[PDB]
Amino acid sequence: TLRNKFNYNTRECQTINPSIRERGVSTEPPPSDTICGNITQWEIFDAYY
Amino acid sequence: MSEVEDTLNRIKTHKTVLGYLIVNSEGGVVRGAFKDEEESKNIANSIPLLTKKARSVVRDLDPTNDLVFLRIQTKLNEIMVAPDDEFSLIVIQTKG
(Lines give C-alpha, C1' and ligand atoms only; values in the text may rest on other atoms or scores of the structure.)
Protein backbone atom coordinates (compact mmCIF):
# COMPACT_ATOMS: atom_id res chain seq x y z
CA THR A 1 0.00 0.00 0.00
CA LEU A 2 3.04 2.37 0.57
CA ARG A 3 4.54 1.65 -2.95
CA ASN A 4 2.30 3.64 -5.36
CA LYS A 5 2.33 4.60 -9.11
CA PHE A 6 3.04 8.27 -8.06
CA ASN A 7 5.62 7.21 -5.38
CA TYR A 8 7.73 4.66 -7.45
CA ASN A 9 7.58 5.15 -11.29
CA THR A 10 9.40 2.32 -13.29
CA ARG A 11 11.37 3.57 -16.36
CA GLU A 12 13.12 1.40 -19.04
CA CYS A 13 16.45 2.63 -20.57
CA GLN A 14 18.90 1.05 -23.09
CA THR A 15 21.89 2.49 -25.04
CA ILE A 16 22.15 2.40 -28.90
CA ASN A 17 24.56 -0.51 -29.75
CA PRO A 18 25.89 -0.96 -33.33
CA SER A 19 25.37 -4.52 -34.77
CA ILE A 20 28.71 -6.50 -34.96
CA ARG A 21 29.94 -7.40 -38.52
CA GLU A 22 32.89 -9.59 -39.74
CA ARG A 23 34.72 -8.53 -42.98
CA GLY A 24 37.85 -9.60 -44.96
CA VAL A 25 40.46 -7.30 -46.62
CA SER A 26 43.46 -8.76 -48.60
CA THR A 27 46.09 -6.14 -49.74
CA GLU A 28 48.53 -7.41 -52.47
CA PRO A 29 51.22 -4.94 -53.72
CA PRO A 30 51.72 -4.00 -57.43
CA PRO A 31 53.14 -6.83 -59.63
CA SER A 32 57.01 -6.59 -60.00
CA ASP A 33 58.30 -7.38 -63.57
CA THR A 34 61.95 -8.37 -64.42
CA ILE A 35 63.55 -6.07 -67.10
CA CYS A 36 66.89 -6.81 -68.89
CA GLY A 37 68.68 -3.90 -70.69
CA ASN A 38 72.20 -3.77 -72.24
CA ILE A 39 73.89 -0.46 -73.20
CA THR A 40 76.97 -0.20 -75.50
CA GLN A 41 78.68 2.98 -76.86
CA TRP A 42 77.23 2.35 -80.40
CA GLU A 43 73.56 1.76 -79.27
CA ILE A 44 73.70 5.11 -77.30
CA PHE A 45 75.20 6.95 -80.35
CA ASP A 46 72.84 5.11 -82.82
CA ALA A 47 69.79 6.61 -80.99
CA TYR A 48 71.71 9.94 -80.48
CA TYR A 49 72.57 10.00 -84.28
CA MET B 1 71.15 -13.22 -113.06
CA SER B 2 74.11 -15.65 -113.65
CA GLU B 3 76.13 -12.48 -111.46
CA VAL B 4 75.74 -13.31 -107.67
CA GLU B 5 74.37 -16.90 -108.23
CA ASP B 6 77.43 -17.77 -110.48
CA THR B 7 80.19 -16.25 -108.21
CA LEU B 8 78.58 -18.20 -105.26
CA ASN B 9 78.65 -21.38 -107.48
CA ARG B 10 82.32 -20.55 -108.47
CA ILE B 11 83.67 -20.21 -104.84
CA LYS B 12 81.94 -23.57 -103.92
CA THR B 13 83.50 -25.43 -106.95
CA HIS B 14 86.89 -23.76 -105.99
CA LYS B 15 89.30 -26.37 -104.45
CA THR B 16 89.93 -26.44 -100.61
CA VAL B 17 86.52 -24.87 -99.63
CA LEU B 18 84.20 -26.93 -97.33
CA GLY B 19 81.03 -24.86 -98.14
CA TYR B 20 79.50 -21.34 -98.46
CA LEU B 21 76.41 -20.60 -96.24
CA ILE B 22 74.18 -17.45 -96.52
CA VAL B 23 72.72 -16.38 -93.09
CA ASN B 24 69.59 -14.13 -92.93
CA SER B 25 69.76 -11.07 -90.55
CA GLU B 26 67.32 -13.04 -88.24
CA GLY B 27 69.80 -16.01 -87.89
CA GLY B 28 68.14 -18.08 -90.70
CA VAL B 29 69.57 -20.28 -93.55
CA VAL B 30 68.84 -18.92 -97.11
CA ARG B 31 71.44 -21.23 -98.84
CA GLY B 32 73.62 -23.88 -97.03
CA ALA B 33 76.08 -25.95 -99.14
CA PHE B 34 78.08 -28.12 -96.61
CA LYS B 35 78.51 -31.97 -96.62
CA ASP B 36 77.03 -32.95 -93.16
CA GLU B 37 73.85 -31.10 -91.93
CA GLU B 38 74.98 -30.96 -88.20
CA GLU B 39 77.91 -28.63 -89.23
CA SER B 40 75.52 -26.46 -91.40
CA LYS B 41 72.87 -26.24 -88.56
CA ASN B 42 75.71 -25.52 -86.02
CA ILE B 43 77.25 -22.80 -88.33
CA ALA B 44 73.72 -21.31 -88.95
CA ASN B 45 73.17 -20.73 -85.15
CA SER B 46 76.72 -20.12 -83.71
CA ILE B 47 78.70 -17.91 -86.23
CA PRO B 48 76.15 -15.04 -86.81
CA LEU B 49 76.23 -14.40 -82.96
CA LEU B 50 80.11 -14.16 -83.12
CA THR B 51 79.76 -11.60 -86.03
CA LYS B 52 77.18 -9.48 -84.07
CA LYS B 53 79.47 -9.71 -80.95
CA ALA B 54 82.52 -8.88 -83.20
CA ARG B 55 80.51 -5.96 -84.78
CA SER B 56 79.99 -4.45 -81.23
CA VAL B 57 83.85 -4.70 -80.70
CA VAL B 58 84.77 -2.54 -83.80
CA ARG B 59 81.71 -0.27 -83.08
CA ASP B 60 82.68 0.64 -79.42
CA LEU B 61 86.17 1.91 -80.54
CA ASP B 62 84.60 4.10 -83.34
CA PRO B 63 80.75 4.16 -83.76
CA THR B 64 81.02 5.61 -87.36
CA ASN B 65 83.20 2.63 -88.51
CA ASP B 66 81.08 -0.56 -89.19
CA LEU B 67 82.26 -4.18 -89.94
CA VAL B 68 82.88 -4.75 -93.72
CA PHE B 69 84.62 -8.22 -93.45
CA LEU B 70 85.59 -10.59 -90.53
CA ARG B 71 88.20 -13.43 -90.90
CA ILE B 72 88.93 -15.81 -87.95
CA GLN B 73 91.81 -18.38 -88.41
CA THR B 74 91.67 -21.71 -86.44
CA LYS B 75 94.37 -24.46 -86.13
CA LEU B 76 93.01 -26.72 -88.97
CA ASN B 77 90.38 -24.42 -90.64
CA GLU B 78 89.83 -20.72 -91.56
CA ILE B 79 86.36 -19.06 -91.08
CA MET B 80 85.63 -15.98 -93.29
CA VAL B 81 82.38 -13.89 -93.01
CA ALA B 82 81.25 -10.88 -95.16
CA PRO B 83 78.39 -9.31 -93.14
CA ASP B 84 75.71 -6.95 -94.63
CA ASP B 85 72.42 -5.54 -93.14
CA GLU B 86 70.09 -7.71 -95.36
CA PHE B 87 72.27 -10.93 -95.50
CA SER B 88 75.63 -12.34 -94.23
CA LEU B 89 77.87 -14.65 -96.39
CA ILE B 90 79.96 -17.28 -94.44
CA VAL B 91 82.69 -19.69 -95.81
CA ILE B 92 85.03 -22.34 -94.27
CA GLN B 93 88.40 -22.68 -96.16
CA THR B 94 91.06 -25.25 -95.01
CA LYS B 95 94.56 -23.61 -94.69
CA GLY B 96 97.11 -24.69 -97.39
# chains A, B, ... in the order shown; residues from 1 in each chain; ligands from 1
call {"tool": "closest_atom_pairs", "arguments": {"of": "chain A", "to": "chain B", "cutoff": "12 Å", "atoms": "only C-alpha atoms", "output": "tab-separated table"}}
result
residue	atom	partner	partner_atom	distance
A:38	CA	B:56	CA	11.9
A:39	CA	B:60	CA	10.8
A:40	CA	B:60	CA	7.0
A:41	CA	B:60	CA	5.3
A:42	CA	B:63	CA	5.2
A:43	CA	B:63	CA	8.8
A:44	CA	B:63	CA	9.6
A:45	CA	B:63	CA	7.1
A:46	CA	B:63	CA	8.0
A:47	CA	B:63	CA	11.6
A:48	CA	B:63	CA	11.2
A:49	CA	B:64	CA	10.0
call {"tool": "select_by_dssp", "arguments": {"residues": "chain A", "states": "alpha helix (DSSP H)", "output": "number ranges by chain"}}
result
A: 41-48
call {"tool": "residues_around", "arguments": {"residues": "region 24-35 of chain B", "least_positions_apart": "2", "cutoff": "12 Å", "atoms": "only C-alpha atoms", "output": "PyMOL selection string"}}
result
chain B and resi 5+8-9+11-13+17-22+37-52+83-93
call {"tool": "select_by_dssp", "arguments": {"residues": "chain B", "states": "strand (DSSP E)", "output": "PyMOL selection string"}}
result
chain B and resi 19-24+28-32+70-73+77-83+87-94
call {"tool": "atom_distance", "arguments": {"atom1": "CA of residue 36 (chain B)", "atom2": "CA of residue 75 (chain B)"}}
result
20.5 Å
